[PDB]
2 protein chains.
Amino acid sequence: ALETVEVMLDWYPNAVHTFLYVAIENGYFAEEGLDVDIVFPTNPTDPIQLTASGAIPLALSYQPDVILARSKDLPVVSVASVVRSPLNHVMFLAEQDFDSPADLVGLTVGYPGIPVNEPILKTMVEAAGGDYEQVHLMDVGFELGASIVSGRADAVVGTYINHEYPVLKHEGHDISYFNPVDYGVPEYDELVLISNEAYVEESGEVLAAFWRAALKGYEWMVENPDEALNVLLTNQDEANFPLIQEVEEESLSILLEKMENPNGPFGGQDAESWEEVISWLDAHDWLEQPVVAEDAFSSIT
Amino acid sequence: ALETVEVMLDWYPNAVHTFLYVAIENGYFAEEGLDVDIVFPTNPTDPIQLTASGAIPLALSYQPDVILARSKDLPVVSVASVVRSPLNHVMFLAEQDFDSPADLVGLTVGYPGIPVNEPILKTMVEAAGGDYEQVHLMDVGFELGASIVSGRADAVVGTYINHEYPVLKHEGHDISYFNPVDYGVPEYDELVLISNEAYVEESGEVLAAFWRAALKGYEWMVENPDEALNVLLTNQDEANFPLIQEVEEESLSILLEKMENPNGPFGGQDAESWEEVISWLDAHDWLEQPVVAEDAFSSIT
Ligand SMILES: Cc1ncc(CNC=O)c(N)n1
Ligand SMILES: Cc1ncc(CNC=O)c(N)n1
């Protein structure tokens with residue numbers, strides 16, 4: 001009777017996922033006859049791979065990644081834009097005192113294994129005249145903070161200003177960073193709801209029912225900021241990704257601004273954003289097969 | 001002219017790679033007309049993946065992985081067994097007090113992101129009477145120790161008894177474990193030298209040149225345990241994977257036993273081991289395409 005839908009988040013639960021949990025808790029999905037199954041990823045890259053393979057119909061990923069994916073012939077399609085601008089920043093301990101991304105040359109940068117991180121770091125490094133081919137990336141999965149703090153990596157990319165940054169500071173670490181948009185990286189959407197082609201064609205109803213629900217979750221979160229932030233926190237995976245309340249409210253405050261759609265409903269996708277993100281990548285030889293903005297995303301409403 | 005050959009290590013430099021750095025320092029590779037360039041993986045799955053694609057001609061991986069890779073149609077082939085038995089142990093802080101792998105049900109286990117670990121853990125958990133679907137894997141790439149020491153993970157797999165075990169202990173952690181061999185897993189070769197089919201066909205004289213120099217380095221190590229281990233430590237990656245004199249010589253003591261072919265030459269393989277490991281993976285439904293032991297490995301000399 002209830003349509004069961006698997007939704008794989010992009011990371012372990014945190015402020016950015018608030019709208020989804022509010023949807024669950026308020027029965028918005030039940031009202032829509034859906035049984036939403038929120039799932040965490042085993043590997044950071046699972047979201048796009050599983051969605052692509054058709055194993056799961058929904059997940060949260062990164063716009064630049066969707067393009068990378070579609071460029072490799074994966075049938076991944078963005079059906080909604082959650083965070084309309086970047087969150088990703090390159091981080092390191094203040095003692096490192098790097099002058100610019102070009103100082104990463106000859107050093108090792110930790111990262112979650114997520115591909116999107118390659119074009120971002122490459123652009124940032126070349127933008128400063130360094131030779132990215134001498135920059136060493138070290139996959140640390142979810143252990144982003146530990147890579148930098150332990151010392152095994154000189155810097156990290158994949159960390160968010162709305163999260164990892166305030167957490168490290170809260171934990172006492174003195175963190176400095178480089179903002180990708182100050183080094184040739186476009187204002188891409190950090191996070192987008194993604195599905196696969198078949199499911200968009202074969203199950204448009206379910207997808208429409210889902211977003212309608214998720215949107216109510218969003219609108220409710222917006223009108224009930226604190227209350228909704230409380231919902232997430234209680235639903236946090238305390239065993240593997242414990243959250244700090246103060247850190248999370250600050251995170252939410254940042255995300256709210258970036259999640260809101262100035263000239264349309266929450267989730268509305270801007271064709272301009274995609275077009276330039278594709279050309280940015282296509283320009284740096286990251287796209288093996290051509291990608292078109294009319295195919296990288298579609299409206300499920 | 002020296003024949004350039006890229007060799008990707010399975011992990012960062014440690015006791016197990018001593019025979020290779022010895023063959024470089026002592027000039028054995030040069031003697032065989034080759035210029036060997038050791039490269040570290042940025043991603044734990046790189047070895048198998050870059051070899052398969054032809055991007056790299058040589059690398060170190062795991063016997064079960066070669067099978068899985070071939071099961072996925074990748075053209076990789078094992079050209080030498082380096083560590084003839086398992087090293088992989090599931091590890092957790094002594095606090096946990098698990099009675100068996102079935103206690104892992106409902107918890108999260110960290111792993112390097114290397115596929116071979118899924119079949120291992122699943123077999124283990126199932127042998128102890130637990131539901132694996134209820135076990136959560138968390139990708140931490142190279143940050144294995146951190147996953148459990150930070151409490152972010154309840155247990156970890158992928159860690160080696162010759163390295164991580166003595167390291168955690170040396171760092172002050174009371175570690176407990178579960179040997180996969182005690183829980184239905186076969187005595188597979190932990191480390192094996194790999195190449196792709198195309199290369200073994202086109203560059204066999206190179207491979208043979210490379211392996212003689214390698215055998216020579218290996219034999220020197222056996223006659224000069226300590227001098228070799230020092231060659232290794234001086235050639236360690238101190239910035240991203242610092243080593244401890246004591247743990248590393250302890251590690252060598254373990255590997256010396258597992259690397260030696262009691263009767264036969266170093267690197268020698270045989271259908272038996274491969275067929276056993278293949279059958280294991282088929283029985284537990286891990287293979288997609290059937291795999292043939294014969295095609296899975298081949299002598300290099
Ligand atoms: C809180 C947080 N941190 C890092 C990531 C990883 N994204 C790109 O590398 C993510 N999805 N969420
Ligand atoms: C020292 C060490 N630790 C872990 C691994 C990873 N193997 C399987 O996951 C490895 N190749 N070497």
# chains A, B, ... in the order shown; residues from 1 in each chain; ligands from 1

call {"tool": "residues_near_ligand", "arguments": {"ligand": "ligand 1", "cutoff": "10 Å", "atoms": "only C-alpha atoms and all ligand atoms", "output": "PyMOL selection string"}}
result
chain A and resi 9-17+44-45+47+60-62+65+86-89+111-118+120+141-145+156-165+190-191+241+251

call {"tool": "interface_residues", "arguments": {"of": "chain A", "to": "chain B", "cutoff": "9 Å", "atoms": "only C-alpha atoms", "output": "list in words"}}
result
residues 41, 42, 43, 44, 107, 108, 112, 113, 136, 137, 138, 139, 140, 141, 142, 143, 144, 146, 147, 150, 151, 152, 153, 154, 239, 240, 241 and 242 of chain A

call {"tool": "select_by_dssp", "arguments": {"residues": "segment 146-277 of chain A", "states": "strand (DSSP E)", "output": "number ranges by chain"}}
result
A: 155-160, 175-178, 191-196

call {"tool": "closest_residue", "arguments": {"among": "A:175, A:206, A:80, A:200", "to": "residue 2 of chain A", "atoms": "only C-alpha atoms"}}
result
A:206

call {"tool": "residues_around", "arguments": {"residues": "residue 179 of chain B", "least_positions_apart": "3", "cutoff": "7 Å", "atoms": "only C-alpha atoms", "output": "list in words"}}
result
residues 89, 90, 182 and 183 of chain B

call {"tool": "residues_around", "arguments": {"residues": "residue 128 of chain B", "least_positions_apart": "6", "cutoff": "7 Å", "atoms": "only C-alpha atoms", "output": "list in words"}}
result
residues 100, 101 and 102 of chain B

call {"tool": "write_last_selection", "arguments": {"atoms": "C-alpha atoms", "output": "mmCIF file, in the first residue's frame"}}
result
data_model
loop_
_atom_site.group_PDB
_atom_site.id
_atom_site.type_symbol
_atom_site.label_atom_id
_atom_site.label_comp_id
_atom_site.auth_asym_id
_atom_site.auth_seq_id
_atom_site.Cartn_x
_atom_site.Cartn_y
_atom_site.Cartn_z
ATOM 1 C CA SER B 100 31.957 -12.898 18.157
ATOM 2 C CA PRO B 101 31.539 -11.129 14.787
ATOM 3 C CA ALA B 102 27.773 -11.410 15.271
#

call {"tool": "atom_distance", "arguments": {"atom1": "atom CA of residue 67 of chain B", "atom2": "atom CA of residue 259 of chain B"}}
result
20.4 Å

call {"tool": "residues_around", "arguments": {"residues": "residue 216 of chain B", "least_positions_apart": "6", "cutoff": "10 Å", "atoms": "only C-alpha atoms", "output": "list in words"}}
result
residues 19, 20, 22, 23, 26, 28, 29, 210 and 222 of chain B
